[PDB]
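S.K.: need coordinates for the following:
(one chain, ligands or ions: 2)
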Amino acid sequence: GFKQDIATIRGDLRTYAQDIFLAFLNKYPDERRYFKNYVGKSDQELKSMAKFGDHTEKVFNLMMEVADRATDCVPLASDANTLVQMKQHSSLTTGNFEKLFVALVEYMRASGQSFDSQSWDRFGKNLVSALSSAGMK
Ligand code: HEM
Ligand SMILES: O=[N+]([O-])c1ccc(O)cc1
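M.R.: Residues are numbered from 1 along each chain as shown. Ligands and ions are numbered 1, 2, ... in the order given. Next comes the structure:
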């Protein structure tokens, strides 16, 4: 289930982080805008860049901490608040997050693997709702 999926992702965090983020950027290419140093680079080119891997790992690390502190896929209001208040997120809406979680849920379905995709779908919805509540537009 959802706890096991956190263990699976954490187990190979850099590979899942890159694979899922790239699925996100390729599914929603206008999102590439917020990431000026990833513009005009192939998946392969990006996976060779230390800093691409480092930033995606830090994002998915924090995402896995928020997932782990959640109860029945409902995140803490304080985790939501952390995500709205970070300077790096100051020009984002809930739609940016929605799209990430649509990409994460589609990756999992398309994976060979028994991910609890419906739980990640629900976690994404709950987090987008909590982010709104904490004042993100
Ligand atoms: C659960 C979802 C997300 C989490 C946990 C998260 C977490 C983080 C973290 C930890 C950083 C700092 C990275 C570092 O210093 O290396 C960061 C930066 C950033 N995040 Fe997010 N983020 C999320 C979603 C998004 C989304 C959906 C967008 C845009 C569509 C976004 C845009 C950015 C940008 C532009 C930065 C700064 C530049 C960069 O580090 O690449 N984030 N985020
Ligand atoms: O998935 N994301 O939103 C990300 C991914 C990588 C990054 O450096 C910043 C944000």
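S.K.: any idea which helix or strand carries the residue lying farthest from the centre of the chain?
M.R.: Relative to the C-alpha centroid of the chain, counting by Cα atoms, centre = their mean, residue 40 is the outermost residue, at 21.4 Å. Using DSSP states H and E, residue 40 sits within no helix or strand.
S.K.: tell me which residue lies nearest the centroid of this structure.
M.R.: Central residue of the chain (Cα atoms, centre = their mean): residue 100, at 5.4 Å.
S.K.: how about the contacts made by it?
M.R.: Each residue near residue 100 by Cβ atoms under 8 Å, 6 or more residues apart in numbering is listed here: 24, 124. C-beta coordinates here come from the backbone N, C-alpha and C atoms, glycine included.
S.K.: try residue 46
M.R.: Contact analysis of residue 46 by Cβ under 8 Å, 6+ apart lists 18, 22, 38, 52.
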